[PDB]
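Asks: Mind looking over this structure? Questions follow.
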Amino acid sequence: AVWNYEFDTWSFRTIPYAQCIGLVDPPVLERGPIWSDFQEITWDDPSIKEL
Amino acid sequence: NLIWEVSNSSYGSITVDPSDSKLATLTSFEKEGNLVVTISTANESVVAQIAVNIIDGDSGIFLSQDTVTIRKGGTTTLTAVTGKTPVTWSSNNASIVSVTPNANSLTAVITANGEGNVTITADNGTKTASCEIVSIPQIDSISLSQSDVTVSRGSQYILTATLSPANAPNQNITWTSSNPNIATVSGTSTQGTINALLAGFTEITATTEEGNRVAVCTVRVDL
Amino acid sequence: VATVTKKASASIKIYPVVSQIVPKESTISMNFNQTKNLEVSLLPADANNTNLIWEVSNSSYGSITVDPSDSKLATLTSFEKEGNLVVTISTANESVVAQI
Amino acid sequence: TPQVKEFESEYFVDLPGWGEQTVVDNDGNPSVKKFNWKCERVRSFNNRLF
Amino acid sequence: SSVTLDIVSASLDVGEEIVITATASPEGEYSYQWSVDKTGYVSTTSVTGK
Numbered sequence: 805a806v807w808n809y810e811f812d813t814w815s816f817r818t819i820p821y822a823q824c825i826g827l828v829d830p831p832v833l834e835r836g837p838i839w840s841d842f843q844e845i846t847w848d849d850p851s852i853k854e855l
Numbered sequence: 152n153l154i155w156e157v158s159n160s161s162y163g164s165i166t167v168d169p170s171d172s173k174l175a176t177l178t179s180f181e182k183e184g185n186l187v188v189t190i191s192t193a194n195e196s197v198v199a200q201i202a203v204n205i206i207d208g209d210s211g212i213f214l215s216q217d218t219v220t221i222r223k224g225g226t227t228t229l230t231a232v233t234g235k236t237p238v239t240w241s242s243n244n245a246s247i248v249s250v251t252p253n254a255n256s257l258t259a260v261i262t263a264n265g266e267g268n269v270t271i272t273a274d275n276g277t278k279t280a281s282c283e284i285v286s287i288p289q290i291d292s293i294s295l296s297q298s299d300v301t302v303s304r305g306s307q308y309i310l311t312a313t314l315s316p317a318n319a320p321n322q323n324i325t326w327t328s329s330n331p332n333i334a335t336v337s338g339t340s341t342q343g344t345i346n347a348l349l350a351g352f353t354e355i356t357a358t359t360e361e362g363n364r365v366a367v368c369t370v371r372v373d374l
Numbered sequence: 102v103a104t105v106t107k108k109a110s111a112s113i114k115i116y117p118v119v120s121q122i123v124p125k126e127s128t129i130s131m132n133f134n135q136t137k138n139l140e141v142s143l144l145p146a147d148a149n150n151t152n153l154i155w156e157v158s159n160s161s162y163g164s165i166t167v168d169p170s171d172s173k174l175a176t177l178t179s180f181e182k183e184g185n186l187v188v189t190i191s192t193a194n195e196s197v198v199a200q201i
Numbered sequence: 554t555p556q557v558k559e560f561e562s563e564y565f566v567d568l569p570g571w572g573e574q575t576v577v578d579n580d581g582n583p584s585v586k587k588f589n590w591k592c593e594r595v596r597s598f599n600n601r602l603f
Numbered sequence: 454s455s456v457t458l459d460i461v462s463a464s465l466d467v468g469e470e471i472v473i474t475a476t477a478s479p480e481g482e483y484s485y486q487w488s489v490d491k492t493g494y495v496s497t498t499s500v501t502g503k
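Chains as they are written, first to last, in PDB author numbering: chain A, 805 to 855; chain B, 152 to 374; chain C, 102 to 201; chain D, 554 to 603; chain E, 454 to 503.
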């Protein structure tokens with residue numbers, strides 16, 4: 805049940821079975837990658853498509 | 152009451168016998184070295200310590216560390232045991248490794264300058280000790296991330312070289328490749344190999360400025 | 102978790118550092134005649150646990166201005182010339198440099 | 554080092570006392586020594602420096 | 454097993470350095486943690502090293 809403390813409104817949503825939660829920086833592939841980093845990656849989405 | 156214990160109970164046929172009432176006697180043997188005498192109580196957490204040194208004679212001398220392995224730029228210390236305060240040091244091959252006896256003259260600091268075995272020694276006047284030293288480079292080996300790379304016309308793939316130790320002071324790399332007309336690389340662990348032709352194998356080998364000259368080799372494959 | 106543990110005894114002795122600091126001089130200054138060689142009398146702070154080194158600037162006021170101190174002190178001489186100079190009684194290596 | 558520039562000076566110089574730390578030897582004998590202090594930012598406040 | 458040290462006493466002066474090495478009877482791999490009875494009077498570096 806999410807509440808916005810800037811406009812005082814209530815809303816709900818679903819989460820993927822969270823035992824915990826926190827904030828952290830993402831992996832290098834999502835922390836800002838570089839063209840000359842995908843030296844081993846190819847267009848055959850080797851287990852990575854959501855980019 | 153208390154219980155008298157001694158570490159390395161080999162310095163006498165009967166090092167310390169059971170104290171008659173409170174105290175016991177001490178003996179010795181024909182050998183030197185450092186030991187500790189722990190006067191422990193019955194069971195409570197009370198463990199004292201007494202440091203005794205067998206001088207090996209009247210004014211003999213024996214060093215704590217006999218063999219040492221130091222890396223370039225590092226430093227160590229030495230400890231002696233004598234009866235005479237004057238302790239003059241003397242190291243063969245002086246100008247390969249320096250020494251600086253402290254005020255007490257029973258301790259000296261070592262400073263490695265370059266690779267090379269040294270046999271720093273002291274001289275009390277009657278007896279003499281020795282301390283072998285083997286200077287080792289800051290590095291023992293290296294490794295790369297790829298050995299069978301493959302590129303094309305113009306494409307330049309970047310290679311990385313992770314040194315064996317996590318860190319190395321004053322380290323520097325000068326990449327070399329026979330016949331640099333095919334490609335050129337230099338700088339640091341980051342190589343950035345550039346390709347000029349569409350065929351012709353190459354042998355990208357590292358050349359660590361410091362550390363052991365031992366390097367690796369990689370075989371580029373443009374086809 | 103540590104299943105087994107073993108201790109090692111090791112004692113250390115740190116000689117006193119008191120009185121090793123800059124010493125004090127009784128004869129802060131001493132004027133003599135042209136070619137007099139009046140001996141010098143002084144003591145550092147308790148003269149304990151360390152030695153010193155007697156140095157003199159412009160070591161040209163005598164064939165042997167100040168010779169190596171026998172045990173703790175040395176002698177002084179003079180030459181047939183005038184001028185101002187300074188006698189630095191420096192310790193072995195510590196940053197202790199006096200002046201006379 | 555911060556390398557302050559005095560008001561009555563025409564050249565830059567390291568800060569005075571930067572690295573000074575009081576040490577007391579046996580019997581309570583004080584002394585001062587300078588160590589390699591390196592900072593990232595310095596500002597002024599309440600007639601002080603941070 | 455039982456541990457021993459070749460060093461048991463030493464004479465130092467303020468400003469002088471010294472290095473001690475720990476060596477157990479067996480050649481196995483173990484962890485080290487140095488301790489001091491009276492705080493101060495010394496400075497340590499890499500207490501987890503032999």
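Backbone N, C-alpha and C define an ideal beta-carbon position, used for all residues, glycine too.
(1) Is the CB-CB distance between B/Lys223 and B/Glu354 below 9 Å?
(2) Compare the C-alpha of B/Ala202 against each of C/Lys107, C/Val197, C/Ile154, C/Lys114 and name the closest.
(3) Strictly under 9 Å for the Cβ-Cβ distance: is D/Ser584 near chain C by that measure?
(4) In chain order, which continuous runs of the beta strand (DSSP E) of length 3 or greater are located wholly inside the segment 310-372 of chain B?
(5) Can you confirm whether C/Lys108, when its beta carbon is compared against all beta carbons of chain B, has any partner nearer than 9 Å?
(6) Report the residue from E/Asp490, E/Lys491, E/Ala475, E/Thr492 whose alpha carbon sits nearest the alpha carbon of E/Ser484.
(7) From the beta carbon of B/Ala245, is the nearest beta carbon of chain C less than 9 Å away?
(8) Output needed in chain order: residues of the segment 836-853 of chain A with a Cβ under 7 Å from some Cβ in chain B.
(9) Alpha carbon to alpha carbon, what distance is there between C/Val105 and D/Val595?
(10) Can you give the beta carbon distance from B/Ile287 to B/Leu314, rounded, assuming they're within the 8 Å contact cut?
(11) Which of helix, strand or coil does DSSP assign to E/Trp487?
(12) So is C/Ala193 in contact with chain B if we call contact Cβ pairs under 9 Å?
(13) Pull the bridge partners of D/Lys587 from the DSSP assignment, please.
(14) Checking contacts by CB at 9 Å: is B/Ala254 closer than that to chain E?
(15) Identify whether B/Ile154 lies in helix, strand or coil by the three-state DSSP scheme.
(16) Quick one: list the residues of chain G neighbouring B/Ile309, beta-carbon separation under 9 Å, in chain order.
(17) Alpha carbon to alpha carbon, how far is E/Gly502 from D/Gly581?
(18) Please tell me whether C/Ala148 has its Cβ less than 9 Å away from any Cβ of chain E.
(19) Given that B/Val187 touches chain C, what residues does it touch there, using C-beta distances under 7 Å?
(20) Let me confirm a value: D/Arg601 is counted as buried when at least 16 other C-beta atoms fall within 10 Å, else exposed. Which label applies?
(21) Take C/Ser191 and list the residues in its own chain whose beta-carbon comes closer than 6 Å to its own, dropping the five residues that flank it on each side.
(22) Is it true that the segment 159-178 of chain C meets the segment 138-151 of chain C, where meeting means three or more beta-carbon pairs spaced less than 8 Å apart?
(23) Between which two residues does the beta strand (DSSP E) carrying B/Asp274 extend?
(24) For a cutoff of 9 Å on Cβ pairs, would you count B/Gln216 as touching chain C?
(25) Verify the CB distance criterion: does B/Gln200 have a CB-CB separation below 9 Å to chain E?
(26) Would the beta-carbon of C/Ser110 fall within 9 Å of that of C/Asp147?
(27) Quick one: measure Cβ to Cβ for B/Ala259 and B/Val269, integer angstroms, because I've assumed they're closer than 8 Å.
Replies: Per the coordinate set shown:
(1) no
(2) C/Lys114
(3) Chain C, which has a Cβ nearer than 9 Å to the Cβ of D/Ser584, makes this yes.
(4) Listed in chain order, the complete beta strand (DSSP E) runs (minimum 3 residues) inside the segment 310-372 of chain B are 353-356, 368-371.
(5) So, interface residue.
(6) E/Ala475
(7) no
(8) Listed by position along the chain: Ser840, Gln843.
(9) 50 Å
(10) Contact between B/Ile287 and B/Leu314 fails: their C-beta atoms lie close to 15 Å from each other, not under 8 Å.
(11) coil
(12) yes
(13) D/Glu573
(14) yes
(15) The three-state secondary structure of B/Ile154, taken from DSSP, is strand.
(16) Of the protein chains in this structure, namely A, B, C, D and E, none is chain G.
(17) Their Cα atoms are separated by approximately 33 Å.
(18) no
(19) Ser110
(20) exposed
(21) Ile154, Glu156, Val198
(22) yes
(23) 272-274
(24) no
(25) yes
(26) No, these two residues do not count as a Cβ contact at 9 Å.
(27) The Cβ separation is near 13 Å, so there is no contact.
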